[PDB]
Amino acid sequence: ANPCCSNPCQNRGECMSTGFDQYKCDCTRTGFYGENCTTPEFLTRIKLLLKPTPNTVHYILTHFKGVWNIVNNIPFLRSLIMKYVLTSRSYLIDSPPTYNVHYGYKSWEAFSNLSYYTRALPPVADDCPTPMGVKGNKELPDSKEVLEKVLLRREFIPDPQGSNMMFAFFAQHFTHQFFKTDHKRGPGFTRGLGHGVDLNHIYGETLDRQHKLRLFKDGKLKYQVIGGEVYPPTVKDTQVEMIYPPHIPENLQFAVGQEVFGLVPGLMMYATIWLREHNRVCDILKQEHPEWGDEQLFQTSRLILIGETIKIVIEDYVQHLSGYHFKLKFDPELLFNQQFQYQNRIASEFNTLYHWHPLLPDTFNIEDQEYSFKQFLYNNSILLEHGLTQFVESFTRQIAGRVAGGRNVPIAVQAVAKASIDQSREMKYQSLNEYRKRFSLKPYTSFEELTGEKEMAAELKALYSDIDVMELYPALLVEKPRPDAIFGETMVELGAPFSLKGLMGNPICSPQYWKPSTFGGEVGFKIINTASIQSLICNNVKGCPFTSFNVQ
């Protein structure tokens, strides 16, 4: 019924109904004119004839190891390249945000209501005949049939990039501060009104929760000592709301910023590490400022751990995922002479493609034990039995699973993957190829080009019939990976602009914030600029055990 259901406007042109049966494409600043914005301009012709494909941009960055070794040892050449990485990626995001799950058109309700996730692409209209628009059958294939045929794990497929459980649990700990779906409203609503990296999973979403977690002395957070080790406090001691099964004793009901981090001891591991780091920074600032009160010590510490988070994510977490020989660099000054919006709204699609459940192994191997999912979930006495030291040493050695390549979602969490399929349809996601076009990628012409193989492509083609009807989420998990990589092209090219806008879009990277006095002088400024996952564990885990995001 809606004349824009076929998604006619190309090259990011906006569609608007002009009557019951007619439409018009607004091609403003798209580089193209014509009915559906497909006729390029002469300057656009030159750029399209010169812009290299992302797979070529992935080859030079992962080859010529000796040439990148020269560039890395030159600050000028490294900064000029890192600046190009920042700007080229960040141009793809709409900031301020536009659409959400309920508005396929711009409106003030969509912009102002921070409870919605935002949308890179507008949702399909209710009165469209097919789920994707006009293409495909009236009903998408059975989500359980897609789940069992191409998603579920037969034999465990390890990640060829060496990603370990330290990386996987870091990915789960980090992303679950801005991925906090409000299941009371719907899959398109969020509870992290910060919409970014505010470390609410450490300090609390609301002020009242924060004050319950604070000691109100030297800016530190409340803690307890079990067996000589610093662990988060209990629910009984702080009276914060946590999510635990009714069979969990009171001394094991740990209280952390995120109310669900008692789900798995992997999240509680990082929650304990970051808690210790906060109090460690409180001791440093108090050493440098005996005149500061409790509130300033807490606040300045919080800002320092935020900078440490963004520093570790870019230079370690993203560095490992990229597989680049070029050393990425967290430097906000690279954007001061550029056009960049220091804001961010968390996108629903970013939430979808971050369901990296294939990372999870069949068993969690700690020291000389192999816990199943039943034994590991909601059992933090495991953490107390082994300690952070052996926890780090065990997760550093155990390798995680490959995300792309298909058929690697462990069956323990199969209902989550099936829900990621079902909820994507509930929120009226557009097709995979529509999101590939939205991010300047060539649309797949067949299921075999997508998967890079024949068997899964045959099962998909029997289910979806036409490639233009393939859904985004299952395509990500079964996409052909880059050579010996963990992700395909769609995962990287769509997630990098979201990931970059959420890290650099933080206010601490803005010129008025990025200065030593914001972090208590040059001593606190050095804490951020020398942060690393290795130094985070070495400063807060006994014995200073070697850790990394890759297996040795």
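Start at 1 and count along the sequence shown; that's the residue number. Here the rigid core means the biggest group of C-alpha atoms that line up within 1.5 Å when the two forms are laid on top of each other.
Of 354 to 362 and 82 to 90, the stretch whose C-alpha atoms sit farther from the shown form in 6 other deposited structures of this protein, after fitting on the rigid core, is 82 to 90. Looking at mean Cα B-factors across 58 to 66 and 500 to 508, the upper value is held by 58 to 66. When 135 to 143 is weighed against 292 to 300, 135 to 143 comes out higher, by mean CA B-factor as recorded in the entry. Per the deposited record, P129 carries the highest C-alpha B-factor of all listed residues (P129, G262, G188, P474).
The entry lists C-alpha B-factors for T118, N379, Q341, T181, and the highest of these is at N379. Sorting the modelled residues of the chain by their CA temperature factor places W108 in the lowest third.
Ranked against the other modelled residues of its chain, the C-alpha B-factor of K437 as given in the entry falls in the lowest third. Among the modelled residues of its chain, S535 has a C-alpha B-factor that falls in the lowest third according to the deposited record. Compared with the other modelled residues of the chain, the Cα B-factor recorded for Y371 ranks in the highest third.
Ranked within its chain, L494 lands in the middle third, by CA B factor from the PDB record.
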